[PDB]
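Breakdown of the fold
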Amino acid sequence: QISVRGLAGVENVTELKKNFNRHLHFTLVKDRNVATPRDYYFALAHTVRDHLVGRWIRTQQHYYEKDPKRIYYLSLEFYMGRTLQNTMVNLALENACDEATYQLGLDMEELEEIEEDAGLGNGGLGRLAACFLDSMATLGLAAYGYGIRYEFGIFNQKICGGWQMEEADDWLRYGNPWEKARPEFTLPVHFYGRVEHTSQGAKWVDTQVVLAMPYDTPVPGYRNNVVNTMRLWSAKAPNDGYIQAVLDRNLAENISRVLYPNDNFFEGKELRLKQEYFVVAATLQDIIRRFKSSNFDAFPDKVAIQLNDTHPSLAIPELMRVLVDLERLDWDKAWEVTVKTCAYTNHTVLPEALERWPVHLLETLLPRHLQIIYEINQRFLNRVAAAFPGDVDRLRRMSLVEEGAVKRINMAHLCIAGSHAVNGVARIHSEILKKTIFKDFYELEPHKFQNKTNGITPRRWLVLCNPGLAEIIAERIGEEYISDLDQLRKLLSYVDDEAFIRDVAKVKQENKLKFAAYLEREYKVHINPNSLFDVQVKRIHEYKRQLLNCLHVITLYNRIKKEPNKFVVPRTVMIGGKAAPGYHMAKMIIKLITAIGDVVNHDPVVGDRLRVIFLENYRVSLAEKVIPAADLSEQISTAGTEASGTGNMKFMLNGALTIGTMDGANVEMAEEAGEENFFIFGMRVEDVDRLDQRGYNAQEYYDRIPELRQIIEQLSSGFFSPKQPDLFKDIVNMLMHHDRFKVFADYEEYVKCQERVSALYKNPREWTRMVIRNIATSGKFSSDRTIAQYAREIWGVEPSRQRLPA
Ligand SMILES: O=C(CCc1ccc(-c2ccccc2)cc1)NC(=O)N[C@@H]1O[C@H](CO)[C@@H](O)[C@H](O)[C@H]1O
Ligand SMILES: O=c1[nH]cnc2c1ncn2[C@@H]1O[C@@H](COP(=O)(O)O)[C@@H](O)[C@H]1O
Ligand SMILES: *Cc1c(COP(=O)(O)O)cnc(C)c1O
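Residues numbered from 1 in each chain as written, not as in the entry; some residues may be left out. Chains lettered and ligands numbered in written order. Heavy atoms only, no water.

As deposited, the entry is annotated with X-ray crystallography as its determination method and 1.80 Å as its resolution.

**Quick word on the packing of aromatic side chains**
Heads up, the rule is: Here the aromatic set is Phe, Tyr and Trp, taking the six-membered ring for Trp, and pairing holds for ring centres within 6.5 Å; pairs whose planes are under 30 degrees apart are stacked, those over 60 apart are edge-to-face, and all others are tilted. The buried label goes to any residue with under 20% of its type's maximum accessible area, the exposed label to any with over 50%, and the partly exposed label to all in between, with areas taken from a 1.4 Å probe on protein chains only. Geometrically, a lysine NZ or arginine CZ counts as sitting over a ring once it is within 6 Å of the ring centre and also within 35 degrees of the ring normal.
Inspection of every chain in the model, using the stated rule, returns 24 aromatic pairs. Taken together, a centroid distance of 4.9 Å and an interplanar angle of 65° make the contact between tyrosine 41 and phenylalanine 42 edge-to-face. The same class applies to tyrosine 41 as to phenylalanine 42, namely buried. Centroid distance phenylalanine 132 to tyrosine 790: 5.4 Å. Interplanar angle 65°. Geometry classified as edge-to-face. For the pair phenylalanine 132 and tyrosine 790, a shared accessibility class is recorded, and that class is buried. Here the basic side chain of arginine 38 rests over the ring of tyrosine 174, its NZ or CZ set 3.8 Å away from the ring centre.

**Remarks on the packing of helix 22 (residues 546-562) against helix 31 (residues 747-761)**
Selection criterion: Here an axis means a line fitted to C-alpha atoms, over the contact stretch when the element is a helix, while the angle between two N-to-C directions is reported on a 0 to 180 degree scale. Each helix is a run of H or I in the DSSP string that is no shorter than four residues. Each strand is a run of E no shorter than two, and both are numbered from the N terminus. Every angle not falling under 35 degrees, over 145, or within 65 to 115 is termed oblique; those three ranges are roughly parallel, roughly antiparallel and roughly perpendicular. Helix crossings are classified by the rotation of the near helix relative to the far one: an anticlockwise turn of less than a right angle makes the crossing left-handed, while a clockwise turn makes it right-handed. Note on contacts: a residue pair qualifies if any of its non-hydrogen atoms lie within 4.5 Å across the two residues.
Following both chains from N to C, one finds helix 22 and helix 31 inclined at 60°, their axes separated by 10 Å at the closest point. With respect to their mutual orientation, helix 22 and helix 31 come out oblique. Seen from above, helix 22 lies across helix 31 with right-handed handedness. Here helix 22 contributes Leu548, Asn549, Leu551, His552, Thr555 and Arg559 to the contact with helix 31, which in turn contributes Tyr747, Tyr750, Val751, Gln754 and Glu755.

**What about the site of ligand 2?**
For clarity, the cut-off: Nearness here has a simple test: a residue counts as near a molecule or strand if at least one of its heavy atoms is within 4 Å of that partner. Polar contact is the term for a pair of N or O atoms within 3.5 Å; when the atoms are in protein, one must be able to donate a hydrogen and the other to accept it, and sequence-neighboring residues count only if both atoms are side-chain atoms. Accessibility throughout is a Shrake-Rupley quantity obtained with a 1.4 Å probe, and a residue counts as covered only by protein chains that appear here. Residue type decides the class: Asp, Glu, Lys and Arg count as charged, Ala, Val, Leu, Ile, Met, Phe, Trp, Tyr, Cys and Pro as nonpolar, and the leftover types, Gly among them, as polar.
As a matter of local geometry, ligand 2 sits amid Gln60, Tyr64, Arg289 and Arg290. Between an oxygen atom of ligand 2 and a side-chain N or O atom of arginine 289, the distance comes to 3.2 Å. At a separation of 2.8 Å, an oxygen atom of ligand 2 approaches a polar side-chain atom of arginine 290. Starting from 490 Å² of accessible surface for ligand 2 in isolation, the protein chains cover 49%. Of all the secondary-structure elements, those providing two or more residues to the shell around ligand 2 are helix 2 (37-66) and helix 9 (270-292). Taken together, the residues of the shell around ligand 2 sort by class into one nonpolar, one polar and two charged.

**Some words on the packing of helix 21 (residues 498-523) against helix 32 (residues 764-776)**
One can describe the packing of helix 21 onto helix 32 by two numbers: an axis separation of 10 Å at closest approach and a directional angle of 90°. In terms of orientation, helix 21 and helix 32 fall into the roughly perpendicular class. Only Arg765, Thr768, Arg769, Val771 and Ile772 of helix 32 make contact with helix 21, whose side of the interface consists of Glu498, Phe500, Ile501, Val504 and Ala505. Tallied by class, residues from the contact of helix 21 with helix 32 come to six nonpolar, one polar and three charged.

**Some thoughts on the pairing of strand 23 (residues 632-635)**
The test is simple: Two strands are said to pair when DSSP picks up at least two bridges between them. Seen with its strands pointing away from the viewer, a crossover is right-handed if its path from the first strand over the helix to the second goes clockwise.
The two faces of strand 23 match: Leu632 and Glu634 on one face and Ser633 and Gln635 on the other face are all buried. Note: strand 20 (residues 532-537) against strand 23, two bridges, orientation parallel. Opposite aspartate 534, over in strand 23, you have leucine 632 as the bridge partner. Of the pairings in the sheet, the one linking strand 23 to strand 24 (residues 657-660) comprises four bridges and is parallel in character. Across the sheet, the residue bridging to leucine 632 is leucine 657, located in strand 24. Considered for its hand, the β-α-β crossover made up of strand 23, helix 25 (residues 647-653) and strand 24 is right-handed.

**Side note on the environment of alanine 100**
With respect to the element layout, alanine 100 can be found in helix 4 (residues 94-103). The class for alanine 100 is buried, based on a relative accessible area of 5%. For the pair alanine 100 and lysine 158, spaced 58 residues apart in sequence, the C-alpha separation works out to 36 Å.

**Some details on helix 4**
Every buried residue of helix 4 is listed here: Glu94, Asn95, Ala96, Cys97, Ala100 and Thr101. Buried residues along helix 4 sit in contact with helix 1 (10-27), helix 2, helix 3 (84-91) and helix 5 (108-112). Just beyond helix 4, the residue with positive phi is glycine 105, at close to 80°.

**Quick look at the site of ligand 3**
Our working definition: These domain limits were set by an automatic method or by a database of domain assignments.
Surrounding ligand 3, one finds 15 residues, the nearest of these being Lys538, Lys544, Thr646, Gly647 and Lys650. Between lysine 544 and ligand 3, the recorded distance is 3.0 Å, taken from a side-chain N or O atom to an oxygen atom. Out of a free accessible area of 400 Å², ligand 3 has 96% covered by protein chains. A per-class count over the shell around ligand 3 returns six nonpolar, five polar and four charged. Taken together, domain 1 (1-455 + 783-806) and domain 2 (456-782) each give at least three residues to the shell around ligand 3, which thus spans both.

**Re the domain arrangement of the protein**
Let me state the cut-off plainly: Defined here as a combined quantity, buried area equals the accessible surface (1.4 Å probe) lost by two parts on assembly, summed across both. A carboxyl oxygen of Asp or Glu within 4 Å of a side-chain nitrogen of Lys or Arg is what we treat as a salt bridge.
Segmenting the protein into domains produces domain 1 (1-455 + 783-806) and domain 2 (456-782). Spacing between the C-alpha centres of domain 1 and domain 2 amounts to 31 Å. A per-residue breakdown of the area domain 1 buries against domain 2 is headed by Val4, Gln157 and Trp163, which together make up 13% of the total. Across the domain 1-domain 2 interface, the total number found is seven salt bridges. Between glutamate 113 and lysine 625 there is a salt bridge, with its nearest N and O atoms 3.1 Å apart. For the interface between domain 1 and domain 2, the tally reads 36 residue pairs in polar contact.

**Let's talk about the sheet that holds strand 17 (residues 408-410)**
The three strands are arranged 15-17-16 in an open sheet whose pairing can be described as antiparallel. The sheet terminates laterally at strand 15 (356-358) and strand 16 (401-402), the two strands that pair on one side only. The pairing of strand 15 with strand 17 spans three bridges and is antiparallel. For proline 358, the partnering residue across the bridge sits in strand 17 and is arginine 408.

**Here's the deal with the sheet that holds strand 23**
Ordered in space as 22-21-20-23-24-25, the six strands form an open sheet in which the pairing is parallel. Every interior strand has two partners, whereas the edge strands, strand 22 (610-615) and strand 25 (679-680), have only one. Bridge count between strand 20 and strand 21 (residues 571-576): six bridges; the pairing is parallel. Along strand 21, the bridge assignment pairs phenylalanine 533 with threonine 572.

Below is the structure:
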């Protein structure tokens with residue numbers, strides 16, 4: 001037992017054992033003779049859940065009495081992962097439960113592995129929402145996460161013959177002990193219909209109704225007895241030949257069935273539009289109800305709505321609809337209230353990712369909202385015209401309505417017009433927003449534009465996943481850093497401490513052994529634990545340049561084959577991540593990685609000097625295992641393409657060094673740690689711009705770099721696919737003729753930088769000292785810092801570290 005995991009007092013252990021047995025009997029209806037590990041998991045989950053309930057009821061009661069300003073975080077994604085360990089950590093129950101289960105003859109770590117991830121997100125954006133909920137609870141904010149309860153989250157990834165296969169993620173099959181259904185608070189949502197203009201304003205009539213039923217999940221703050229709520233809506237048909245009519249209820253209920261996995265490319269799918277309106281319409285009724293339970297002038301003083309990307313952008317015209325059509329406020333007053341209530345966070349600059357909904361879809365599904373959007377647009381463009389008289393092209397560029405073959409609504413433009421604050425997610429990204437894609441808006445309303453650099457929760461991403469590191473840190477500086485990560489700066493005093501150097505290195509070794517064991521047990525593959533663990537885990541995208549990593553791997557293989565008896569630093573290269581189902585190039589990249597592995601891992605001349613592993617089914621629970629085990633974090637996106645990144649921050653906190661471009665939050669990470677303690681390579685944003693101006697010619701690099709030429713020839717000729725020699729011709733073609741992300745342009749600098757990594761790894765003491773310098777300066781990247789900045793600079797509320805009574 002370790003100190004950061006809390007006390008195992010005799011009274012507590014006795015009480016936990018008793019309640020475990022009670023739940024096994026009364027809740028699960030099992031006896032100890034036929035109980036499985038799954039039953040034991042559920043008995044523990046219910047036992048821990050019981051400790052949340054008093055705190056949850058009294059937190060919500062406290063908000064009702066004190067009536068603080070409420071923060072509503074609207075997201076289509078909440079990538080929560082597992083709940084059991086996080087709850088124990090935040091309630092200081094971990095050691096007590098470990099003791100209670102041990103005394104019952106059970107291994108708690110084995111029970112933890114049974115829990116399904118709540119995979120209600122795709123990647124960074126979804127996981128950010130999850131870290132944010134944890135920080136908002138920890139900082140005592142009256143905050144509510146609102147989303148959709150998907151029946152199926154992000155698909156499970158299987159690799160079959162080197163190819164991605166998708167399997168439905170039936171995460172609710174065994175039940176969800178954490179949620180509470182609230183069928184009594186079911187609300188109607190309207191679709192289709194038509195608008196009637198009466199003498200008494202507009203009326204939206206002849207609609208189809210879908211019911212929104214809420215399920216509430218507790219969100220505990222770190223040891224402060226605050227328990228906030230995540231409310232997720234589920235779609236239900238209303239109760240009003242016969243057989244078919246009952247069967248057709250599925251059509252309504254399909255709204256909450258499945259998370260869209262296409263994080264690369266916007267497609268105008270009606271079902272996704274319905275999901276976006278569903279969450280917005282149900283949430284806003286809940287917001288207004290809560291506000292009316294103690295004149296809309298005070299609405300922005302009592303309510304903040306944060307839009308996570310443009311996905312809940314319909315909140316803007318929905319709030320207008322409610323205020324104008326139902327509450328009878330004049331347009332100007334309603335608009336003032338709306339702007340002061342709403343704020344918008346942008347997460348990407350790639351044009352193909354922006355939501356641009358066809359007008360014809362909105363006209364049919366949401367005819368009143370389309371009318372409101374047109375009126376917003378006309379009044380907004382009137383302001384632009386008065387500020388920039390005669391600038392007709394600006395009017396076209398800034399319009400919410402896009403002209404063309406199909407007319408579209410630009411949802412980002414809608415969000416900027418209707419929000420008092422617009423933020424990017426890292427300093428470089430927020431600057432790019434002002435200088436490029438939203439330049440016109442910045443010139444009109446400079447005061448709207450902000451930066452809020454992303455962060456991660458140090459509860460899940462240090463204490464939970466890396467208790468060994470948390471403990472050795474706590475031994476020297478105490479426990480206060482867990483909720484005040486800036487205190488890690490105190491560790492700079494230990495950079496020459498021989499004991500600390502040894503302890504940091506020991507913790508990493510243990511994490512690596514544990515992960516190496518996990519790979520053999522669960523996936524039947526053997527790795528050398530003394531090799532450098534070189535890790536790139538993230539969704540598969542061309543911009544993230546898993547392909548550049550692949551080129552380096554093949555370079556190393558070719559160098560070994562050329563000089564087999566020369567010493568090289570042994571590496572285990574691990575790449576993992578899911579590809580969007582319809583993204584052909586991303587699926588080809590996965591196949592390339594496994595194909596390289598097939599050749600490299602079976603070459604007797606290589607031995608255990610180089611191994612290439614594709615990490616199947618990358619998800620939050622796997623990140624918690626692999627990140628503490630990593631030596632080298634690959635953060636290699638083309639400069640200007642990754643808005644922030646957050647995986648980068650997880651690796652920094654956990655004792656990996658970073659090889660990266662000056663992109664997204666990497667810039668600020670290098671600034672914090674010092675450029676000498678970071679492996680920076682490649683084009684800066686300015687260099688990318690210069691290449692675009694003269695034109696990117698991949699052929700030039702192929703002609704001048706013989707090692708690069710060899711790799712392309714190998715790919716083309718069928719070296720990595722002997723039975724299908726032309727398998728990778730799409731990859732070669734893209735690289736040579738149509739590469740938006742300039743893979744070849746960074747190749748030479750990348751390979752050279754990787755040599756410097758290997759050089760440092762040969763000197764374990766200096767490697768570990770650089771690691772200490774990274775861990776010690778990771779404090780800025782706590783989501784507590786991020787949320788404090790949102791609270792003070794956008795929401796107009798003060799964070800609190802003070803305990804509620806237990
Ligand atoms: O996952 C997503 C988008 C997912 C998504 C999923 C589905 C649809 C969709 C829209 C319309 C029709 C059908 C589907 C759009 C987007 N984005 C994301 O993760 N962005 C990352 O946000 C992180 C948090 O700010 C940043 O650190 C990363 O830089 C950014 O790439
Ligand atoms: O009319 C009331 N009388 C007493 N307590 C209330 C009343 N309405 C709401 N509350 C409290 O505040 C609620 C929090 O849930 P909400 O209605 O979603 O904000 C409940 O859990 C109650 O504890
Ligand atoms: C942190 C995290 C991400 C985001 O990683 P990036 O490298 O920033 O894209 C994606 N998926 C999972 C499961 C994560 O935990």
